[PDB]
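Encoded as structure tokens, the following chain is the form deposited in one PDB entry, with no partner shown.
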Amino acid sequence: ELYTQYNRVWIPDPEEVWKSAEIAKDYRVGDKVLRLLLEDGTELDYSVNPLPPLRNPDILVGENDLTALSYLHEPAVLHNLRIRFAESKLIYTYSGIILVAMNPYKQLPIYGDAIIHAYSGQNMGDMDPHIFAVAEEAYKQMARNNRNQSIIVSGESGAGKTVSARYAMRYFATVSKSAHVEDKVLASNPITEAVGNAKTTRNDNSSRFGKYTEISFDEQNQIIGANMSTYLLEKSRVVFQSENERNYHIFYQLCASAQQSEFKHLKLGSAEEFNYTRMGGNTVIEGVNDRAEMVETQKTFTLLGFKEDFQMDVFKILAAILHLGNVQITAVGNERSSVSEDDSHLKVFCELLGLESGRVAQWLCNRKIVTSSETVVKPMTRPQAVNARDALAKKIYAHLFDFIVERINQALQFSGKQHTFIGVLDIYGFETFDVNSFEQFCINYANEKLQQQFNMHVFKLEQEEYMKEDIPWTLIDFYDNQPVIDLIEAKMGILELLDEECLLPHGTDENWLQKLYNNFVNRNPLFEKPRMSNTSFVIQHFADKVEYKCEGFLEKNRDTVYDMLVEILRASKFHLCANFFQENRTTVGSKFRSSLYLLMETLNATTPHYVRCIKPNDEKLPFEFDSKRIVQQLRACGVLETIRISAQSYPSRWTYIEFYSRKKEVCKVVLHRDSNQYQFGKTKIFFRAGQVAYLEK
């Protein structure tokens, strides 16, 4: 321990998390006090416990790889990212195995084809940090050893996962260009964004669905096609928006083109006319021309082989959903509801979908009950009627979304042997709002599973591979999130208790919430009940604490539509609509659990390439560095731990018999002619990075 005078250390600070302090007097070993001199000139005696993190030299700060730091601690990482980002305007930085990517919130001219080819053929460390380098390394490893790869981006909402994923795919399309199948696989993104992304208060272009795109390659490592897997689309988005949030983009693209002659038969108007698009109070995104976006969407559909007739059919479905949302449901007393058959919006809804308005009006306000002994028809209250109507709207959109993805996959098919593939994962990031519900619970659960997949490959596997070789290895501590995962997915867990309540015909949100209280309050450290609420619960996620409201958990987990309404659309004279509701028990939560299990396995059977995205500020400001919010994300992603294990990891390994050519004691002797840059195991030798390539020369 030598904290000599004149050098600097980091101490806690409220605003900037950490602050530098110069050691005024030299350090006497064992002393509890430290003579420091603050930046303001205020002297102090810091109560240390033999201690403060040492600040790295100004020569080592700002480097491309943070493993090159002398003192690996949180202040160093935070400080290095700050000056690289805030001052040097560098958004990419290497943190060992992972790439770190800071959201610039500004268009940077660093993705041109010239730069793409500049990265091609190069090694990982040869060039400055860039998403292209991560992609190149995956493409490089796919070719040299015929292994499937995965580009796995992560981070909270608005951190820049989708932008990273698309640029990674842009790289593959450029270097591995063969038919221009490359332009089609790239086109799959903007299509799914139009029908799958929506403005939230976290991100103007938030992904409300998860995607995993497998890019297939032939023996020449040229792209031959691709396949897209989607995960739980947000259905409530179709019929509900919070303040300053929008429905899916395509609804507004469609309304913005309502007066075009081609669309006039859809009887549309401004987005402010329709209840399903107006609810947020703002129908426009700053710096987005929805009409111009409609044009690009049409061009993109055409590029994928979807002509005018195909586009008008999906636009017809979309317009129908909007009109459905404006069907007037009046109250008849306090126990009954009513819809006029001559309701204007109902009539076009039925015309576009070839339905009979009488049957729709009837079964929006009544529910049939078959007991195989009698058939009871009970009226619905106005709230129940609106609910049944909205549920129908959400169902139509869900089928339409699946229909589009299914057709996209058909367009990207290939009649050939898949040599290898590179999967690009891009799911909705960790998010939390004032009011969190089932939607947020699922997204955060998904993110929890990704962190598990990450920790397993980076910390569990890598260290276990070293430990069982009998080599000296100080284990790196990392936050294992298996407990919170078990709390959610395992038996007697939250999602299991929810399914049980859903099986009860008299099941309710309140009773389910009570079963969570009894089972987990003062029983599971990760589960908490707020003192000033008996309608919610808070979970300690890896990223942050998140309070969830229990309202609507059963309904959303069931995700049902009344039988009579389904039959009406099943008898649709519109071929596309009839296809959606043709006849061909498990809950949303159970399906979501199972889907994610398959995904994790698919990722584990590939060589992962991780990218950690980070939102620097909450105001979408260009190159603004919010220390508190950033350090929170660095802790959640375990960046500091990742850098540490990356630093002390031995990249190159040799078996003893292999070592002789260039026995156990003979090799150890010749190696000495420092002692830290290699270690000897049971059947293997290991070396430090680049500490051998100089022998090759």
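In this text, the rigid core denotes the largest set of C-alpha atoms whose superposition between the two forms falls within 1.5 Å. Numbering starts at 1 and runs along the sequence shown.
From this point on, the text means the form deposited in another entry, which you will not see here.
Comparing the forms between the shown form and the other one, the C-alpha position of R635 differs by less than 2 angstroms, with the core used for superposition. A movement of the C-alpha atom of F680 reaching 2 angstroms or beyond is seen between the shown form and the other one when the two forms are aligned on their rigid core. Once both forms are fitted on their rigid core, the CA atom of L60 lies 2 Å or more apart between the shown form and the other one. Between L60 and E74, the Cα distance is greater in that other deposited form than in this structure, by no less than 3 angstroms. Relative to what is shown, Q107 and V61 are closer in that other deposited form; their C-alpha atoms differ in spacing by at least 3 Å.
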